[PDB]
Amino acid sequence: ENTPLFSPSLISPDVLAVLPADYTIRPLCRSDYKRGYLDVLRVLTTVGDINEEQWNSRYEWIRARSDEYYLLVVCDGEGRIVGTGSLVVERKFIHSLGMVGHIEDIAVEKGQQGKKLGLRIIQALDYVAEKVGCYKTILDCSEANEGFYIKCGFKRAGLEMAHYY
């Protein structure tokens, strides 16, 4: 219930060292449902209404795949979740059975934006990806937040194409 999703050993010590006083970054755990986690994702897009049972079910699905789904949180001095980020590690046959890190669902509470918390989330996710043996990390962004990813040391590599249902 407070068991971290993945090893705290995968949290970048350099990131931990430069966070603001009393803020932390750490793996998700199941009790994060009760520390404002889904409210943070509302800055991204529609989350929907998810009750605790549905959370517990998806959480255990993700925990059964914790060599694939690396979800971490930023907490303020009061233990409130104020930022989220995901790394999803894709297995391939190409690149000698290579692994690609996919950065997803990056979100910082509006009142907490513009203090480098997104940068720290990206640095932490890039640390995980390198540690577990990804050959690269990629993500999709908008023209409007490309400048954020540039300041995180990402470069334009191609186009995102979509098909909706």
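The term rigid core refers to the maximal set of C-alpha atoms that superpose within 1.5 Å between the two forms. We number the residues from 1 along the sequence you see.
- Structural divergence in 4 other deposited structures of this protein between 104-112 and 44-52: following superposition by the core, 44-52 has C-alpha atoms lying farther from the shown form.
- In this entry, 33-41 shows the higher mean Cα temperature factor of the pair 116-124 and 33-41.
- When the C-alpha B-factors of 46-54 and 96-104 are averaged, 46-54 comes out higher.
- In the deposited coordinates, the residue among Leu139, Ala129, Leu28, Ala64 with the greatest CA B-factor is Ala64.
- Per the deposited record, the Cα B-factor of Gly79 falls in the middle third when ranked against the other modelled residues of its chain.
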